[PDB]
Structures are given as structure tokens and as C-alpha cells.
């Protein structure tokens, strides 16, 4: 069976697309406002050197902080999100922030050279830039694998925004209060996605796609935990806080 999208489901999709268009600048025109990226010589991938300088951390921390603000804006436009208590809204945002960033970053990621290309050379982010920010391959490898995997799903923009919305409004987040309400909101989004794929996504892929998308949400949970471990190590580095931002300190602290 291929039920058609209800008027409400169409509205939800239009709302999410508009929300994404208002919060994701495909030209990356604000990036020059961030603290400048610095790339020091480290072909050897020296952890000692990387930690002593954390040359790319100020720039990436500003990028991530900027992105969190956008995700907050996006979340506030998700149908139903405002119905949640302020406390639940914050718990969901803090717990999914890094995951949504990884998801939305897929738009700038390119398999041409496996990098996130946001402009000229200065704003082309490679795995080497992540290491220069203090991270290890335990996070980087899975991250790239995840990016390529998501790219291959060839998601329609409609599927992309729904996946981000579903990621945010998850009832199984530590600390949530009204899980039932959150699940109700998420189910409404999941059904919309499931329905969209069935009557709008042409084969090969009319099916199987939903499961693959759900699996990516699971992958995101693992990356979230790995990033958390790495962030902890990073926080031990003296003077690290100055290379971050208040928003970032709260979200990952």
C-alpha cells in the first residue's frame, strides 16, 4: 500500500524545508567571521604537537558553535517542538546537537576528495584538520565512513530535514521528562517520512531506505558517545576553554 501524504504531512514537510532553508546557508558566507583556521605542519600526526597547539580548534569550535545556534533555530520550527516543556526542549537540543551537526554537514561533504568543502582552500576541511583540533582516528574514521554512507543514500532534501527532525525529537535521551509526548511528536515525523519514501521516492529504493535511515540514527549515537570521550580529553588540556565558546562549553561540558 502507498497511502498519499495527508494535508498535515505536506504541511510538516513544507515547514521543515523552510526551516532548513532559513538556518543552513549553502554559501557558507558567515565563515570568514569565525576565528581564522590555522594549519600547522604535522604530517606525522603527533598527538603531543596537536595538543600543544590545537591550531584548528578555535576555528572549528566557532563553526560548531555557529552550527548549534542554527540547529536551535531549526528545532524551534519543528512542528510540535514548542509544545514540549522548556526543560525537555533543552535536554533534546544538548543531547542531539553534535549528531545534527554531523547530519547537516553531509551537505558540504563531498566524495570527490572526502572533505567538507565550504569555499576556497581556507574553508575546505579534511581529516587532517580534525586531528589538528585534537581528535583521534577513533572518531574520524567512523565519521568519514558515516558521511560516505549517508551520501550514498542520495536522500531527497525532504528526507534529509525529516531525518534531522527525528534525530532531535527522540524520546530515548537521558533526562527527558515527558517521553510519551516526545514519542508522539517523533512518530508523527516518522510516519511522514515513511509515507514520503513510499509514494515519492522512486526505485531502486522505494523501500529499504527507511531502515537504512534509522540505522544511521543508531550510528550517530555511537559517534556522539565517541565525541564525548574525545571532548573530555580535550578539556584536560590547559587553556582549552579559551579556544572554545560559552555555548560549546555548556553543550559538551
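Residue numbers count along the first chain shown, from 1.
Check: Should residue 207 be counted as unmodelled in at least a third of the other PDB entries compared?
Finding: Yes, residue 207 lacks coordinates in at least a third of the other compared entries.
Margin query: If you average the CA temperature factors as listed in the entry, which stretch comes out higher, 27-35 or 221-229?
Written below: It is 221-229 that shows the higher mean C-alpha B-factor.
Check: Out of 72-80 and 135-143, which stretch has the higher average CA B-factor listed in the record?
Finding: It is 135-143.
Check: So where's residue 46 on the chain's Cα temperature factor ranking, which third?
Finding: It belongs to the highest third of the chain when residues are ordered by C-alpha B-factor.
Next item on the list: Relative to the other modelled residues of the same chain, rank the CA B-factor of residue 55 and answer lowest, middle or highest third.
Entry: According to the entry, residue 55 has a C-alpha B-factor in the chain's middle third.
Notebook entry, point to check: Lowest, middle or highest third of the chain for the C-alpha temperature factor of residue 99?
Noted result: It belongs to the lowest third of the chain when residues are ordered by C-alpha B-factor.
Next item on the list: Compare the C-alpha B factor of residue 173 with those of the other modelled residues in its chain, then answer lowest, middle or highest third.
Entry: Tercile = highest for this residue's CA B-factor.
Check: Which third of the chain does residue 11 land in by C-alpha B-factor: lowest, middle or highest?
Finding: For residue 11, whose C-alpha B-factor we compare with every modelled residue in the chain, the answer is the highest third.
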